[PDB]
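When you line the first sequence up against the authors' numbering, it's residues 1 to 187, in that order.
Input: a single structure, listed below in structure tokens.
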Amino acid sequence: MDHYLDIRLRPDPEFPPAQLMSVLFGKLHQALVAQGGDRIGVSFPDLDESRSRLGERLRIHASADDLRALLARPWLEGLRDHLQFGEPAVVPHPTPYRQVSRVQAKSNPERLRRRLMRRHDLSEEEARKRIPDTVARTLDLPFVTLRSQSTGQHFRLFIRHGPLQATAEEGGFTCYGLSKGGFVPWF
RNA sequence: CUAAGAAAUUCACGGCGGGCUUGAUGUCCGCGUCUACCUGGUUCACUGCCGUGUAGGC
């Protein structure tokens, strides 16, 4: 979209940058659910996929002026000191097919044992013998702390930038989920 | 090529007993331990679509 807002976090000695990225993402999710718009894209530049750390930048995509003003205010609700955001400028158009989307993994076999026991396959000890073992525990690289709101606990969130094959531009949804679920123009 | 050249000391045994170390004593006075400080990077869970497996929500 043509309403991008790059945000560059100011270096603060008291706070690590991912600890503020989690608060920025939480305020963005809370005030993005609160509006009437449904598909508002979110992209993560400065990605650095060699040292396994998320970037210090963040951009939005919303095909309106009033909606992009609402989301310029939304991620900046109350903080006003740690963001140091920019101005909405006219975007270039390479669009190299890069789609950013959520992924999920299973590292707790006891939840699978609970689901096996108390929902479908009513047993006591067949569950612990049959499938699980202390092996094949997955992992995913970009972490977001993301404390919950509606009676929840601290749970990570993992995201993937897709294939950057520069051949064409396939149309997709702007956002599926909290922030991003589709393709965005990548710079 | 040596004050050279050689060589069986061998046997036995009862050290015994007796005894009052005694009393006496004033260690004793003094004292300033001060000063400063980010545990923090770090709670990958709960429960469900689902016969596995692998999609999703917060």
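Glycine included, C-beta positions come from ideal geometry on N, C-alpha and C.
**Request:** Determine the extent of the beta strand (DSSP E) in which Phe158 is found, giving its start and end residues.
**Result:** Residue 158 sits at position 158 when you count from the first residue of the first sequence. Where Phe158 is concerned, the enclosing beta strand (DSSP E) stretches over 158-161.
**Prompt:** So, using beta-carbon positions, are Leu112 and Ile131 closer together than 8 Å?
**Reply:** If you number the first sequence from 1, residue 112 lands on position 112. If you number the first sequence from 1, residue 131 lands on position 131. A contact, by the Cβ cut-off of 8 Å.
**Prompt:** From which residue to which residue does the alpha helix (DSSP H) around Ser22 run?
**Reply:** Taking the first residue of the first sequence as position 1, residue 22 is located at position 22. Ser22 -> alpha helix (DSSP H) spans 17-33.
**Message:** Only counting the same chain, and skipping five residues up and downstream in sequence, which positions put a Cβ closer than 7 Å to that of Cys175?
**Reply:** Along the first sequence, one-based indexing puts residue 175 at 175. Beyond the five residues adjoining it in sequence on each side, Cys175 comes within less than 7 Å, by CB distance, of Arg39, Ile40, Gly41, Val42, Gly181, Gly182 in the same chain, given in chain order.
**Asked** If we count the other Cβ atoms within 10 Å of its Cβ and call it buried at 16 or more, is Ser107 buried or exposed?
**Response** Numbered from its first residue, the first sequence carries residue 107 at position 107. Per the 10 Å Cβ criterion, exposed.
**Item:** Cβ shell of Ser52 (< 7 Å), same chain only, five flanking positions each side left out
**Value:** Stepping through the first sequence from its first residue, residue 52 is reached at position 52. Once the five neighbours on either side are set aside, the close Cβ partners of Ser52 are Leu141.
**Asked** In whole angstroms, what is the alpha-carbon distance linking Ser22 and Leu157?
**Response** In the first sequence, the residue the question calls residue 22 occupies position 22. In the first sequence, the residue the question calls residue 157 occupies position 157. Looking at the backbone, the Cα of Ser22 and that of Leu157 are separated by about 10 Å.
**Span of the alpha helix (DSSP H) around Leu112** = Locating residue 112 in the first sequence gives position 112, counting from the first residue. Looking at the DSSP string, the run of the alpha helix (DSSP H) that includes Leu112 is 109-115.
**Message:** Using the Cβ count rule (16 or more neighbours within 10 Å means buried), how would you classify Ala127?
**Reply:** Here the question's residue 127 lines up with position 127 in the first sequence. Within a 10 Å sphere around the beta-carbon of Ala127 sit 16 or more other beta-carbons, which makes this residue buried.
**Prompt:** Nearest CA to the CA of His82: which residue from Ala31, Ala18, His154?
**Reply:** If you number the first sequence from 1, residue 82 lands on position 82. It is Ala18 whose Cα lies nearest to the Cα of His82.
**Simplified DSSP state of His93, which is helix, strand or coil** = Residue mapping note: residue 93 aligns to position 93 of the first sequence, counting from 1. For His93, the three-state secondary structure derived from DSSP is coil.
**Request:** Below 7 Å CB to CB, which residues in the same chain sit around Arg137 once its five sequence neighbours on both sides are set aside?
**Result:** If you number the first sequence from 1, residue 137 lands on position 137. Excluding residues within five positions, the ones whose Cβ falls inside 7 Å are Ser107.
**Request:** Would you give the residue range spanned by the alpha helix (DSSP H) that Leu67 belongs to?
**Result:** Within the first sequence, residue 67 is the residue found at index 67, counting from 1. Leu67 -> alpha helix (DSSP H) spans 65-72.
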